[PDB]
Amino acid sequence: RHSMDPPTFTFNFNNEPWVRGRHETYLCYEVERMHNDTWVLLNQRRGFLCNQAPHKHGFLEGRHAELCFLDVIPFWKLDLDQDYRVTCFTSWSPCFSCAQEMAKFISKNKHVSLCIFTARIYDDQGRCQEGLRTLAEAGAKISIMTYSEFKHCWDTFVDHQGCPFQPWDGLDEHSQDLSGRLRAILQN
């Protein structure tokens, strides 16, 4: 929940587009509160999670990372008189059904500005495009992770033991390509 191991981060967040065995989704989150025109980090409200695989003693049919994330928000007991920026850094973007659920949540929770930075776009069998547009329309800010966000997530969410962020090959190129794709998706 607090700290991810380096192999897990590197395997999952590498932004080359191919699935290459990345069947899980990892989601890192942090929360900031608005104070005098500035965002203030809430240190106790940062963490990471992944999707839950089907389990007899968990969720019988599993639970996507995005739903696990929405599940935690009410437990933060955010002050409804304040304004928050909730930022997610995700290894894959949401499936269509999750995008719809996240859109519903944010529409009901206007004290929260949701910002999503994604390493890759999950096609969801052609369903992803409408989902992302729906999420944007509801007020989410959707962006592609670039070097600075990967480095941030490494520095903040990984048990690096002092090892610096080492970019994988093609990081900038994959990010640029994906940024083009997202522009095309969001402009319909």
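Heads up: residue numbers just count along the shown sequence, starting at 1.
Of the two stretches examined, 32-40 and 147-155, the record assigns the greater average C-alpha temperature factor to 32-40. Relative to its counterpart among 85-93 and 70-78, 70-78 has the higher mean temperature factor, C-alpha atoms as listed in the PDB entry. Taking only the listed residues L60, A140, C50, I121, the entry reports the highest CA temperature factor at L60. Ranked by C-alpha B-factor against the other modelled residues of its chain, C128 falls in the highest third. Compared with the other modelled residues of the chain, the Cα B-factor recorded for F165 ranks in the middle third.
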